[PDB]
Amino acid sequence: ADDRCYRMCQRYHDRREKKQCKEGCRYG
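Position 16, counted from 1, in the sequence shown is what the deposited numbering calls 16; the numbers after and before it change by one each time, with no gaps.
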């Protein structure tokens, strides 16, 4: 799930870290 893995990114305060973690999940 894209939302499942993405939810973990929300834990990161660094917006830049959330992006990499988000997109990184898809097409991995």
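By construction, the Cβ of each residue, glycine as well, lies at the ideal position given by its N, Cα and C atoms.
Chain B contact for residue i (CB, 7 Å cutoff)
i	result
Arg-26	Note that chain B does not occur in the displayed structure, where there is just one protein chain.
Three-state secondary structure (DSSP) of residue i
i	result
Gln-10	coil
Extent of the continuous alpha helix (DSSP H) run through residue i
i	result
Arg-26	Where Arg-26 is concerned, there is no enclosing alpha helix (DSSP H), given that its DSSP letter is neither H nor E.
Beta-carbon contacts of residue i that lie in its chain and below 7 Å, excluding the five residues immediately before and after
i	result
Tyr-12	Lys-18, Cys-21
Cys-25	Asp-2, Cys-5, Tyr-6
Other residues of its chain near residue i: CB distance less than 8 Å, five sequence neighbours each side excluded
i	result
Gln-10	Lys-18
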